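A short worksheet on the structure shown next.
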Amino acid sequence: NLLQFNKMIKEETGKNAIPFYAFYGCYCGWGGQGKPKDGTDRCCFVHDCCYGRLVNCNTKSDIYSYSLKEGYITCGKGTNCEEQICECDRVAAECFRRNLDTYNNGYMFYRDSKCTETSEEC
Ligand SMILES: [Ca+2]
Ligand SMILES: [Ca+2]
């Protein structure tokens, strides 16, 4: 569920998913195409690929079980979908943290029109 994913982002980066990551670069937020602009933007690209692999799961609304086991976001046991969706979310949240150093505010609100290039492959 996006609201849980949102919580992970805040927990991992200290920032709010909105608007810091809802419209960043070419892949963060709705849509996505062209090539990732930077580390951060790549995190979003991969997450998309991740969700792409779950063709039959309600990736955005399915509520899963997870928890901060010793300051570590750990996915709980549920259905294949929940466990899979949670992992995508888990990895993305942390990828954002690892890329905080190259986070560019100039990429926040990046026009999708400026993302014209052969969109990358998963
Ligand atoms: Ca996207
Ligand atoms: Ca559920």
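Just so it is clear, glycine is given a Cβ too, placed from its N, Cα and C backbone atoms.
In Swiss-Prot, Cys81 is paired through a disulphide bond with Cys57, chosen from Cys49, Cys50, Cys57. Listed by Swiss-Prot as binding Ca(2+) are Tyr27, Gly29, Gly31; the candidate from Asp38, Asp48 that the record includes in that site is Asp48. The disulfide partner of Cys95, as annotated in Swiss-Prot and taken from the candidates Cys43, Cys44, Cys49, is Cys43. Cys75 is paired in Swiss-Prot with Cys86, the candidate among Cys86, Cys88 named as its disulfide partner. Swiss-Prot names the disulfide partner of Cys26 among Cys115, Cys122 as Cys115. Of all the recorded positions in the record (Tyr27, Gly29, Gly31, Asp48, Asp89), the one with the smallest CA separation from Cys75 (disulfide bond) is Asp89. When the alpha carbons of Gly29 (Ca(2+) binding site) and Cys49 (disulfide bond) are compared, the span between them is 13 angstrom.
There are 18 other CB atoms within 10 A of the CB of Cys50 (disulfide bond), with all protein chains counted. With a CB cut-off of under 6 A applied against ligand 1, the recorded positions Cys26, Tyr27, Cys43, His47, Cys81, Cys95 are reduced to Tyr27. Look at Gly31 (Ca(2+) binding site): DSSP puts it in coil.
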